[PDB]
Protein chains: 2
Amino acid sequence: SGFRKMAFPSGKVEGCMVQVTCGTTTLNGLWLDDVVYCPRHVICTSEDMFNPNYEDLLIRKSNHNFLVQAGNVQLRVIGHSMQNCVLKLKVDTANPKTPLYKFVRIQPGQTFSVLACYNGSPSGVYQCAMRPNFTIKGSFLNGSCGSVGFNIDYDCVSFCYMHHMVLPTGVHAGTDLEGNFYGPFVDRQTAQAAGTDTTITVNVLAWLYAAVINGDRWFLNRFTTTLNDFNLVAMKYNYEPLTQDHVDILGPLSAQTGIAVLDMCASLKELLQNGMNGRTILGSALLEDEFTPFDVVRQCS
Amino acid sequence: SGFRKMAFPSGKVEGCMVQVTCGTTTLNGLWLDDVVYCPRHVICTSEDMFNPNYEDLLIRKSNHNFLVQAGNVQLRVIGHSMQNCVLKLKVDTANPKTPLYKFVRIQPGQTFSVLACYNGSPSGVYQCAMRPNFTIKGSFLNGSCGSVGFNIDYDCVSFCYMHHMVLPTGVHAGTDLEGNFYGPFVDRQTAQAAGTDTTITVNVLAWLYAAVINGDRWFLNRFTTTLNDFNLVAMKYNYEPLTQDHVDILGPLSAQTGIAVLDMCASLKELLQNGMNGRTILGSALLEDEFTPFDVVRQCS
Ligand SMILES: *C[C@H]1C(=O)[C@]23[C@H](O)[C@H]1CC[C@H]2[C@@]12CO[C@]3(O)[C@@H](O)[C@@H]1C(C)(C)CC[C@@H]2O
Ligand SMILES: *C[C@H]1C(=O)[C@]23[C@H](O)[C@H]1CC[C@H]2[C@@]12CO[C@]3(O)[C@@H](O)[C@@H]1C(C)(C)CC[C@@H]2O
């Protein structure tokens with residue numbers, strides 16, 4: 001028994017976090033080999049943020065206007081460029097703590113860990129999901145901008161996220177490590193509203209599989225259903241449609257539990273139409289959608 | 001906005017995790033300076049666990065019967081002793097990655113991060129609370145025994161927990177780093193049932209303060225109450241009694257929000273007697289008790 005939202009161990013990323021200052025603005029950067037990555041709005045004043053012309057603003061910056069601090073060591077900047085919405089600062093020292101790594105752009109619904117940092121210093125780690133509307137429900141006060149999200153496979157860190165903005169709703173928007181935003185958001189202080197935040201159906205089903213593996217079976221019901229009939233119900237409840245790809249990703253969990261995916265869909269259906277009547281699943285009074293099928297296999301096999 | 005259960009960055013502890021084998025039993029150990037700490041039941045066979053005589057079982061073990069592996073480096077054991085329920089293995093090398101650290105014994109209700117490990121390898125990090133019945137609702141399959149729980153203050157790791165057992169209920173029991181169990185549990189495969197798992201009232205109140213800080217105010221009601229009158233209600237709902245010490249620990253949150261502790265207690269009361277009628281607080285459909293007052297200050301000031 002025992003199922004926890006778990007984040008990845010953060011040590012490999014802790015060794016890459018640095019502080020980046022340009023003028024009076026400071027935020028977090030990511031130091032890998034001899035490049036530091038950070039949000040380009042590090043070059044903006046609070047007044048620039050309303051309508052930045054990043055090209056024009058960057059023209060007025062030289063290598064020596066970028067202060068990069070790694071602990072107490074200060075790094076010498078020998079070059080700078082803009083890639084989409086990320087600033088790349090070339091430094092004269094390769095990070096000795098650079099882990100094996102790749103830059104990946106994740107899909108909505110996939111999960112990752114964020115190492116929340118302030119002024120280059122790691123403060124906390126938590127697990128979250130890329131919401132279907134490409135927002136992240138983070139924990140970030142002023143100063144965590146530039147914090148990164150990642151997954152770890154064996155000894156390789158896949159960086160998938162860099163926090164750039166807090167929207168007026170308080171939710172977060174960011175980019176991949178090539179500087180391309182997830183979703184329609186931009187690095188400007190302007191009206192930016194996110195679409196409907198739907199529930200990640202394939203993740204909810206994975207979590208129901210984890211509940212069964214852990215002894216929570218009360219919601220296991222006696223009906224089955226069809227993919228079209230289920231999506232009919234899912235659409236009404238602002239759940240993402242389930243595809244056959246999702247059914248196939250759930251394959252290993254159906255095999256471990258002997259519960260067919262459509263049977264699980266019919267129990268989910270009943271839960272969406274009836275509620276939980278005051279009972280809990282895995283200690284939660286709502287359906288949880290920040291576990292992917294792989295996360296469940298990771299923690300339940 | 002934004003409030004997440006956050007764990008501490010784990011890197012300082014990742015550098016201390018090792019694998020400890022005695023005969024055919026392997027588990028996680030903690031390498032600090034030139035001592036490795038691990039559950040003494042590493043010396044037990046599956047059959048020894050029903051009624052171990054640890055003194056007699058340890059007599060039959062020499063330094064060379066303890067295999068300690070740190071990554072691919074194997075450490076030379078030059079001594080061994082038993083301290084309560086923890087085995088201490090003296091090795092000939094001080095861990096170069098030893099962080100500043102202390103051993104502390106925490107109170108029920110306090111929180112800490114667990115770095116779940118398997119065979120010496122970090123696999124995940126999560127935040128939890130010492131339950132008032134001295135259990136931990138962990139995520140630990142066979143092999144995570146010896147995983148440790150910790151808090152970090154600046155650059156100092158306070159180790160407070162070592163996972164030793166899974167009880168028949170699936171919940172976890174462990175020791176502090178001096179080898180003394182939290183609660184009445186013992187390192188033996190026998191009937192062991194935990195007491196009532198009450199809710200940590202002072203933590204629930206801290207979390208309600210975090211909700212107010214984050215804009216969730218619907219539960220803020222118009223009543224007040226008294227400490228005796230509140231504990232009357234808390235006892236009925238298997239909530240821990242609130243003391244004046246708890247009121248004083250909540251002092252900074254009452255000051256930040258302008259909401260008197262007894263006012264918050266009266267809103268909690270109303271929630272315990274009425275439920276939440278289907279609405280949520282900070283995205284949760286139940287009251288959350290794994291945030292201490294300090295955790296909330298950490299993430300909300
Ligand atoms: C790093 C982000 C952040 O903290 C910002 C923005 O969302 C983004 C860059 C600029 C930051 C602000 C504007 O809104 C923020 O949410 C906010 O935290 C910052 C304040 C505190 C308002 C100061 C100005 C700055 O431009
Ligand atoms: C490390 C713990 C663990 O995994 C144990 C016990 O709770 C404790 C030491 C011994 C382990 C067992 C007995 O119960 C466990 O929960 C279980 O995981 C172990 C099995 C798999 C049953 C094998 C025997 C061993 O003694």
Near pairs, Cβ below 8 angstrom, 6+ apart or cross-chain, from segment B:187-212 (among the hydroxyl-bearing types (S, T, Y)) to any residue that is in a loop (DSSP other than H, G, I, E, B) and within 16 Å of ligand 2 (Cβ to nearest atom): B:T190/B:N51
Identify, please: which residue in segment A:216-231 is loosely packed, with under 14 Cβ neighbours inside 10 Å and polar (S, T, N, Q) and is, among those, farthest from the chain's Cα centre (by Cα)? A:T226
Apart from one, (1) touching an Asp or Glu at 6+ places or on another chain (Cβ under 8 Å); (2) within 14 Å of chain A (Cβ to nearest Cβ) all hold for B:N203; the odd one out is (2)
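Quickly run through segment B:213-228 and pick out the residues that are touching a residue at least 12 places away in the same chain (Cβ under 8 Å) and away from chain A (no Cβ under 14 Å).
Here is the first cut: in segment B:213-228, the residues touching a residue at least 12 places away in the same chain (Cβ under 8 Å) are B:213-216, B:218-221, B:223-227.
Within segment B:213-228, B:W218, B:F219, B:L220, B:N221, B:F223, B:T224, B:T225, B:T226, B:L227 meet the criteria.
Let's see how each residue does on (1) of a type outside the set (S, T, Y); (2) surrounded by 19 or more Cβ atoms within 10 Å (Cβ to Cβ); (3) within 14 Å of chain A (Cβ to nearest Cβ):
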position	(1), (2), (3)
B:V233	yes, no, no
B:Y239	no, yes, no
B:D248	yes, no, no
B:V261	yes, yes, no
B:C265	yes, yes, no
B:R279	yes, no, yes
Return a yes/no flag: does segment A:183-201 have any residue that is under 17 Å from A:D295 (Cβ atoms) and part of a helix (DSSP H, G or I). yes
For A:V77, state whether it is touching a strand residue (DSSP E or B) at 6+ places or on another chain (Cβ under 8 Å), closer than 25 Å to A:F159 by Cα and away from every other protein chain (no Cβ under 14 Å). yes
Mind counting the residues in segment A:164-197 that are within 14 Å of chain B (Cβ to nearest Cβ) and not small (G, A, S)? 8
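Residues that are touching a strand residue (DSSP E or B) at 6+ places or on another chain (Cβ under 6 Å), crowded, with 16+ Cβ neighbours inside 10 Å and of a type in the set (G, A, S), at least 1 per element: which strands (runs of 3 or more DSSP E) completely within segment A:86-171 meet that?
Details: elements: A:86-91, A:100-103, A:111-118, A:121-129, A:148-153, A:156-166.
Answer list for segment A:86-171: A:111-118, A:121-129, A:148-153, A:156-166.
Let's see how each residue does on (1) surrounded by 24 or more Cβ atoms within 10 Å (Cβ to Cβ); (2) away from ligand 2 (no atom under 13 Å from the Cβ); (3) of a type in the set (A, V, I, L, M, F, W, C):
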| site | (1), (2), (3) |
| --- | --- |
| B:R4 | no, yes, no |
| B:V18 | yes, yes, yes |
| B:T24 | no, no, no |
| B:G29 | yes, no, no |
| B:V36 | yes, yes, yes |
| B:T45 | no, no, no |
| B:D48 | no, no, no |
| B:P52 | no, no, no |
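Return the only residue of B:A94, B:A173, B:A116, B:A191 being more than 12 Å from ligand 2 (Cβ to nearest atom) and within 30 Å of B:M235 (Cβ to Cβ).
Numbers: B:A94 fails: within 30 Å of B:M235 (Cβ to Cβ); B:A173 fails: more than 12 Å from ligand 2 (Cβ to nearest atom); B:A116 fails: within 30 Å of B:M235 (Cβ to Cβ).
None of the other options fit; the residue is B:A191.
Bear in mind these aren't lab numbers, they're just calculated from the coordinates by the rules spelled out. In this analysis, Cβ positions are derived from the backbone assuming ideal geometry, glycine residues included, and neighbour counts consider all displayed protein chains.
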